[PDB]
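Q: Supplied in structure tokens, the structure appears directly below.
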Amino acid sequence: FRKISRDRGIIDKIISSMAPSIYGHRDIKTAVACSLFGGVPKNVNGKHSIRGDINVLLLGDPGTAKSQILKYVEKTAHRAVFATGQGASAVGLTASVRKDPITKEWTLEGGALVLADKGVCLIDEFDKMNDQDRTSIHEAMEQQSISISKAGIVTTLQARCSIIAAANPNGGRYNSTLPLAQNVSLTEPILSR
Amino acid sequence: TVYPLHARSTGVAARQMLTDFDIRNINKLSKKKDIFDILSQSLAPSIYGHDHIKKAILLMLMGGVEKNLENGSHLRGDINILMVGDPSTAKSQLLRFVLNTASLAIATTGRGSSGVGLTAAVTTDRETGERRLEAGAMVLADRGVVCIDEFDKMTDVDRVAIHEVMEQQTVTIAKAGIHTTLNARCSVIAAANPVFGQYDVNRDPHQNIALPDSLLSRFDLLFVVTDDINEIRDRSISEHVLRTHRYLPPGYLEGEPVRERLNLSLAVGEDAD
Amino acid sequence: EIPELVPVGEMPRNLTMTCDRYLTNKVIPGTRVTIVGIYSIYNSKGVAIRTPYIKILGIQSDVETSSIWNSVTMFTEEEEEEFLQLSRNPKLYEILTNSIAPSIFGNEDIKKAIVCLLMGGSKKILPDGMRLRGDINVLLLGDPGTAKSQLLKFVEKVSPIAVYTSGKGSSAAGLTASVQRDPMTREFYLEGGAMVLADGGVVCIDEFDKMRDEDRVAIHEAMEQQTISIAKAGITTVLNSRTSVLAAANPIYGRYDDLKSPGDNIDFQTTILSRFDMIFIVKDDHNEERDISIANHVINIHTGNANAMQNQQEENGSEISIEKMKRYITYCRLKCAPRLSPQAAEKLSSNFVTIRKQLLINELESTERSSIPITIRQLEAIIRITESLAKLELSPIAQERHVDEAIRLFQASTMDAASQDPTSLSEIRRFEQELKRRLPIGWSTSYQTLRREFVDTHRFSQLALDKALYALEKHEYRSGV
Amino acid sequence: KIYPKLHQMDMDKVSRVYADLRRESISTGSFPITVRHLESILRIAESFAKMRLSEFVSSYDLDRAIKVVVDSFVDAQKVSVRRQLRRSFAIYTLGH
Amino acid sequence: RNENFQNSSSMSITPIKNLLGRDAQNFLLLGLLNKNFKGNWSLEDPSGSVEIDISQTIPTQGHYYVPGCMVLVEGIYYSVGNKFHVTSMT
Ligand SMILES: Nc1ncnc2c1ncn2[C@@H]1O[C@H](COP(=O)(O)OP(=O)(O)OP(O)(O)=S)[C@@H](O)[C@H]1O
Ligand SMILES: Nc1ncnc2c1ncn2[C@@H]1O[C@H](COP(=O)(O)OP(=O)(O)O)[C@@H](O)[C@H]1O
Ligand SMILES: Nc1ncnc2c1ncn2[C@@H]1O[C@H](COP(=O)(O)OP(=O)(O)O)[C@@H](O)[C@H]1O
Ligand SMILES: [Mg+2]
Ligand SMILES: [Mg+2]
Ligand SMILES: [Mg+2]
């Protein structure tokens, strides 16, 4: 890796390296590869912090390998998770508590975003999934940690995960003349974050 | 031995003492016509204005006679007043003043309590082992002045429940396995905000408040509080607040932190009396 | 198990302990402790396996925070003496202002308001059954991505007397205090919610707008009463709520949308705004030069080599050991309570009715009532002055009215940015445009036309011409050269 | 093992970048540009430098990060303004 | 000082802001006289400014009076009329 690092053109080779089975998409390859590498986490005064993880927003026409792009992404960054988007919810992905009849108390249920933490987070079908769940994801990603206080469980879990949302344009086709926000059926704050 | 003292700020267990000196007192003023207005002024001394409102709450405080008839029909002497007011119209404090003034003083807000819980909870208790009656406010309500705030926000099931049970002043509690009927006669004050932030005269009052006339007619008084503002009255309110604020609490050092201590009341039992 | 250890994918294991009479009740839950006790085993009532626990021989605080402050001065007379010296020096007020929110690049009056809120408004108990409400809850409205949530988190880190939370993260039912069924008692017991914890603490919570509104209604009453009255489930418990809530709502469509109707802008009901008594705006700064300077600041704090120099520069003069800032804040809120209006009385006797009159002015500009949102603002403002003088404490010492005047001005214009119209500034912009559509071509010039029409505009002057110039002024030798 | 550091950086390059970012969100096809976008650019630079695998960030690798982010922004715009914006940013694009 | 000399002191000036709070009440004032952009004569102090009704106003014959001068005056304010109906101007 050091020997290739001093070799020049390594960056372009890596761009070609990410998802080779998807011909074209040079910019997309660049984005997803650099997300895999991810930024450097930054912290100020101990408490103030800057995320080291990258949240890729992707808008893709149906059948554009988006799920397969995610599948190539996973198994490449070791620690990985997959978010079906519609399948998960606010509770399911971010932080879940499960009443445990065998132990007789409320117990933590594995939040899939906690599973995302420490590794890359795959997100798919997100443009079609529930909006309250979307706001929950916003909250969770803002601090890189999920804070939950319910059912007597007031725990907060760090969520350090580079996420990549998969989305389809309004009608599946983006209109370049159309503004992006009009091409997007989702909220403005999410594209900002 | 046990000394029950449930009066607020460690009073007289909501049992006002009596002396013939105090008995002969007040009475000579009661002959004077102005005594009613003096009592009205005494109420909510921290609030400015609302003299007619203070008279209404005074009339609230005094309890009417429960006329009885040789049948299931028993006339109610309870006093029920509904009031609608803008936010921060002191009516919340007013309700609080009625609370700290009343003996029983069952008060909460529309979101404050569960309607079924306050009325009656028919769940079982494990130590008892069988189905239990648990009236959060209702059984506490009867035989005492009670209050409710933000009744517009109150759960509609509770609203329809309170409907006609405050008219008949009795609840059948026939829900679930327990069917014993328990009386709920009490005086209630309602303080719900308008649907709009402030009452708009252009909007109907029932447009301004969505609470149906059902049992809304069954309020012995109806009140509308509008925070309209006039230079003279605004100055009046401001000066009142100025007096209330710079005023150091009774005694204490001027530069002394608030204590609100336990009062270290040695007097207990007949000593407390 | 060691929240810092973060065993990846492992649920945090917990062990039971025992404490002796001179060890018990030393520390509270939710607080980390470095323990020294013998490893202990006993049978719970699975072969030859017994309950693992610890019998403690010594207790030390991993959080290292001192116990519930019983006014015993661990800072002693010395540290509080320099604390008062900082209070004695008025410049230290701006020191605390600047120190708060590192790398924010400005917003200094905002930081002043934050410091005043955290400082704690004095709760006065009247001899009457009444009692002056001390704490206030500040409302945070503005454009996203503007460090608002970041600032909230920083402030909560500064003052741990309360706990930072989020709307969705907090259970909708019983936000103040949830009711839960105990495993060994079928009765739904009262579990302490956030504002139970926030009681006695200045609390910051996120995503106010994103939160469901209905239970947020139950919050304004609790903060208003400074208690939490519950009669649900046949349980009539009432718990105190002495807290200073910091809002987090990006008003509508994310951005503040100041150039839009406040009802559209503020999704929250204006009654809630009045009951929470505070108003605040984050708008689009623009100022490409200031944007450049902000970028410089952000990269400086972002690059460790530069980050270090800003860190030490803030520390030596202003950031002065944020922890002992919190210690001083505790000591000086103990210094709040003694007195908060010695110097106020004389000047306040004029300025209070003064601000009342400016509120009357505001309703004068807001004829047609400007809909519901603007009507209750005067009442929340008159209560706001009373609570906000205590909020400002008299400053670190004895500087109440002279700055409260500026702060009330700031709030007045804050609301005016949303209370100028029911499209807000857009409607008065249209008014000044339909004015200027005659000014150059007709309408003479140089105030002569104003001396001519409507008989020296006298009828037009008192209301209509004032509305005209209020719209004109924004579009129409001390600072530049 | 690799943790590239921004020890060297181009302050004013990023300054002019965010300046151009301004007065573009005025376009109907343009989403607002905020501080967190700038932090995004910074973390993209960090990701590029990690991709370069050097323990020290490279200024020109950071430049390619700027290029990628600005190109993404331009693609986000409406095509009508997108051409004007691409001409405007062309003063930045050639440096990559 | 001069009002202390007149009477421990004579009538006291009333803050312009404290004026409008009451309509029919009489007050003593001290402020700078200037033309209001409404067109009336305005008496202005650090607390504020009030347009002055030049009618029913007697000048002190011992002193000149020009705009841009301070003055001690007595009169009603008429908050509804918002113009201080000064009676005597000194
Ligand atoms: N004026 C500023 N000075 C410094 N950093 C800023 C400034 N404005 C925004 N930021 C940065 O932008 C980030 C975005 O803010 P967040 O902490 O995510 O919360 P927020 O500003 O409330 O955003 P929303 O409204 O919740 S999407 C902050 O954490 C800061 O790092
Ligand atoms: N450039 C490409 N090269 C190779 N396969 C591609 C390319 N673009 C799309 N595909 C194919 O498109 C299919 C659909 O991918 P998927 O992400 O499931 O589609 P959708 O767009 O409906 O989410 C995949 O099987 C993938 O192989
Ligand atoms: N006329 C008044 N005099 C004194 N204080 C008042 C008056 N009207 C309102 N207030 C103040 O308004 C604040 C909020 O009153 P509150 O009881 O919450 O209002 P509401 O009537 O809307 O329930 C309190 O501090 C109260 O003292
Ligand atoms: Mg797919
Ligand atoms: Mg109220
Ligand atoms: Mg936020």
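Q: Could you list all residues from the stretch C:276-292 that are touching a strand residue (DSSP E or B) at 6+ places or on another chain (Cβ under 8 Å) and part of a helix (DSSP H, G or I)?
A: Selection gives C:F276 alone.
Listed here are the residues, each with its yes/no results for (1) away from ligand 5 (no atom under 12 Å from the Cβ); (2) touching a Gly at 6+ places or on another chain (Cβ under 9 Å); (3) aliphatic (A, V, I, L, M); (4) farther than 21 Å from B:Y199 by Cβ.
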position: B:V84; (1), (2), (3), (4): no, no, yes, no
position: B:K91; (1), (2), (3), (4): no, yes, no, no
position: B:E127; (1), (2), (3), (4): yes, no, no, yes
position: B:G136; (1), (2), (3), (4): yes, yes, no, yes
position: B:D152; (1), (2), (3), (4): no, yes, no, no
position: B:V157; (1), (2), (3), (4): yes, yes, yes, yes
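Q: Here's another thing I want to ask about it. Identify all residues within the stretch C:364-378 that are part of a helix (DSSP H, G or I) and either surrounded by 18 or more Cβ atoms within 10 Å (Cβ to Cβ) or within 26 Å of the chain's Cα centre (by Cα) (or both); write none if there are none.
A: Matches in the stretch C:364-378: C:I372, C:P373, C:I374, C:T375, C:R377, C:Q378.
Q: Show me the helices (runs of 4 or more DSSP H) found entirely inside the stretch B:1-64 where at least 1 residues are under 19 Å from B:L104 (Cβ atoms).
A: Of the helices (runs of 4 or more DSSP H) lying wholly inside the stretch B:1-64, those with at least 1 residues that are under 19 Å from B:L104 (Cβ atoms) span B:51-61.
Q: Identify the single condition in (1) within 14 Å of chain C (Cβ to nearest Cβ); (2) away from ligand 1 (no atom under 16 Å from the Cβ); (3) surrounded by fewer than 18 Cβ atoms within 10 Å (Cβ to Cβ); (4) not hydrophobic (A, V, I, L, M, F, W, C) that A:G87 does not satisfy, given that it satisfies every other one.
A: Among (1) within 14 Å of chain C (Cβ to nearest Cβ); (2) away from ligand 1 (no atom under 16 Å from the Cβ); (3) surrounded by fewer than 18 Cβ atoms within 10 Å (Cβ to Cβ); (4) not hydrophobic (A, V, I, L, M, F, W, C), the lone unmet condition for A:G87 is (1).
Q: Sticking with this one: Kindly evaluate C:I110 against the criterion of being away from ligand 5 (no atom under 16 Å from the Cβ) and within 12 Å of C:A247 (Cα to Cα).
A: no
Q: In addition: Could you tell me which residue of the stretch C:152-182 is surrounded by the fewest Cβ atoms within 10 Å (Cβ to Cβ), considering only residues that are within 16 Å of ligand 6 (Cβ to nearest atom) and more than 10 Å from every other protein chain (Cβ to nearest Cβ)?
A: Selected residue: C:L152.
Q: Next up: Would you check if there is a residue in the stretch C:277-284 being within 16 Å of ligand 5 (Cβ to nearest atom) and within 14 Å of chain B (Cβ to nearest Cβ)?
A: Taking every residue of the stretch C:277-284 in turn, at least one turns out to be within 16 Å of ligand 5 (Cβ to nearest atom) and within 14 Å of chain B (Cβ to nearest Cβ).
Q: Only one of B:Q198, B:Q169 is surrounded by 19 or more Cβ atoms within 10 Å (Cβ to Cβ), more than 16 Å from ligand 1 (Cβ to nearest atom) and more than 22 Å from the chain's Cα centre (by Cα); which?
A: Result: B:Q198 is the single residue among B:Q198, B:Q169 that is surrounded by 19 or more Cβ atoms within 10 Å (Cβ to Cβ), more than 16 Å from ligand 1 (Cβ to nearest atom) and more than 22 Å from the chain's Cα centre (by Cα).
Q: So which residues in the stretch D:47-59 are crowded, with 19+ Cβ neighbours inside 10 Å and at the interface with another protein chain (Cβ under 7 Å from one of its Cβ atoms), if there are any at all?
A: D:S47, D:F48, D:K50, D:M51, D:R52
Q: Right, another one. Name the pairs: first residue in the stretch C:221-236 and within 7 Å of chain B (Cβ to nearest Cβ), second residue assigned to a loop (DSSP other than H, G, I, E, B) and basic (K, R), Cβ to Cβ under 8 Å, at least 6 apart or on different chains?
A: Taking only residues 6 or more apart or on different chains, the pairs are C:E221/B:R111; C:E224/C:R133.
Q: If you don't mind, another one. Could you grab me the full set of residues in the stretch A:33-43 that are surrounded by fewer than 20 Cβ atoms within 10 Å (Cβ to Cβ) and within 12 Å of chain D (Cβ to nearest Cβ)?
A: If the condition is that a residue be surrounded by fewer than 20 Cβ atoms within 10 Å (Cβ to Cβ) and within 12 Å of chain D (Cβ to nearest Cβ), then A:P41 is the only one that fits.
Q: Go through the residues of the stretch C:99-114 one by one and say whether even a single one is assigned to a helix (DSSP H, G or I) and within 14 Å of another protein chain (Cβ to nearest Cβ).
A: So far as the stretch C:99-114 goes, yes, one or more of its residues are assigned to a helix (DSSP H, G or I) and within 14 Å of another protein chain (Cβ to nearest Cβ).
Q: Now a separate question. In this structure, is C:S413 more than 9 Å from chain B (Cβ to nearest Cβ), under 21 Å from B:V241 (Cβ atoms), in a helix (DSSP H, G or I) and among the small types (G, A, S)?
A: Considered against the rule, which asks whether it is more than 9 Å from chain B (Cβ to nearest Cβ), under 21 Å from B:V241 (Cβ atoms), in a helix (DSSP H, G or I) and among the small types (G, A, S), C:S413 comes out as no.
Q: Then there's this: From A:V91, A:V97, A:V40, grab the single residue that is in a strand (DSSP E or B), aliphatic (A, V, I, L, M) and away from ligand 4 (no atom under 16 Å from the Cβ).
A: Answer to the selection: A:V97.
Q: Return a yes/no flag: does the stretch C:124-131 have any residue that is out of contact with any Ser or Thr (no Cβ under 6 Å at 6 or more places or on another chain), within 16 Å of ligand 6 (Cβ to nearest atom) and away from chain D (no Cβ under 14 Å).
A: No, that holds for no residue.
Q: Can you tell me which residues in the stretch D:1-22 are part of a loop (DSSP other than H, G, I, E, B) and either of a type in the set (A, V, I, L, M) or touching a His at 6+ places or on another chain (Cβ under 8 Å) (or both)?
A: D:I2, D:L6, D:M9, D:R22
Q: Just to be sure I understand the filter: pairs with C-beta atoms under 9 Å, separated by 6 or more residues or on different chains, first member in the stretch C:40-58 and under 28 Å from C:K26 (Cα atoms), second member among the small types (G, A, S) and surrounded by fewer than 10 Cβ atoms within 10 Å (Cβ to Cβ). Which pairs pass?
A: C:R50/C:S44; C:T51/C:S44
Q: Also, quick follow-up: Listed residues C:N316, C:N311; which is away from ligand 2 (no atom under 16 Å from the Cβ), surrounded by fewer than 20 Cβ atoms within 10 Å (Cβ to Cβ) and facing another protein chain (nearest Cβ under 9 Å)?
A: When all the criteria are applied, what remains is C:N311.
Q: On to the next question. Identify all residues within the stretch B:147-171 that are of a type in the set (V, I, T), away from chain C (no Cβ under 11 Å) and under 25 Å from C:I219 (Cβ atoms); write none if there are none.
A: B:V157, B:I162
Per-residue answers, yes or no, for (1) outside any loop (DSSP other than H, G, I, E, B); (2) under 21 Å from the mean Cα position of the chain (by Cα):
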{"site": "C:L259", "(1), (2)": "no, no"}
{"site": "C:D264", "(1), (2)": "yes, no"}
{"site": "C:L273", "(1), (2)": "yes, yes"}
{"site": "C:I294", "(1), (2)": "yes, no"}
{"site": "C:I301", "(1), (2)": "yes, no"}
{"site": "C:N307", "(1), (2)": "yes, no"}
{"site": "C:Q310", "(1), (2)": "yes, no"}
{"site": "C:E314", "(1), (2)": "yes, no"}
{"site": "C:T330", "(1), (2)": "yes, yes"}
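Q: Test C:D257 against the stated conditions and say whether it is touching a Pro at 6+ places or on another chain (Cβ under 8 Å), more than 10 Å from every other protein chain (Cβ to nearest Cβ) and closer than 30 Å to C:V179 by Cα.
A: Judged against the criteria, C:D257 is not a match.
Q: Moving to a separate point now. Could you tell me whether C:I272 is within 26 Å of D:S15 (Cβ to Cβ), out of contact with any strand residue (DSSP E or B) (no Cβ under 6 Å at 6 or more places or on another chain) and crowded, with 16+ Cβ neighbours inside 10 Å?
A: no
Let's see how each residue does on (1) more than 19 Å from the chain's Cα centre (by Cα); (2) part of a loop (DSSP other than H, G, I, E, B):
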| residue | (1), (2) |
| --- | --- |
| B:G136 | no, yes |
| B:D158 | no, no |
| B:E164 | yes, no |
| B:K175 | yes, yes |
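Q: Moving on. For the structure I just gave you, tell me whether A:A116 is more than 16 Å from ligand 1 (Cβ to nearest atom) and not acidic (D, E).
A: Criteria met by A:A116.
Q: Only residues that are assigned to a loop (DSSP other than H, G, I, E, B) and at the interface with chain A (Cβ under 8 Å from one of its Cβ atoms): list them for the stretch D:28-46, please.
A: If the condition is that a residue be assigned to a loop (DSSP other than H, G, I, E, B) and at the interface with chain A (Cβ under 8 Å from one of its Cβ atoms), then D:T28, D:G29, D:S30, D:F31, D:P32, D:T34 are the ones that fit.
Q: On to the next question. Would you mind telling me which numbered condition in (1) more than 15 Å from the chain's Cα centre (by Cα); (2) more than 9 Å from every other protein chain (Cβ to nearest Cβ) B:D125 fails?
A: (2)
Q: Then there is this: From the residues in the stretch B:64-102 that are within 15 Å of the chain's Cα centre (by Cα) and of a type in the set (S, T, N, Q), which one is nearest to ligand 1 (Cβ to nearest atom)?
A: Out of the qualifying residues, it is B:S92.
Neighbour counts run over all protein chains shown; Cβ positions are idealised from the backbone, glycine included. Only the coordinates and a few stated rules stand behind these numbers; no lab work does.
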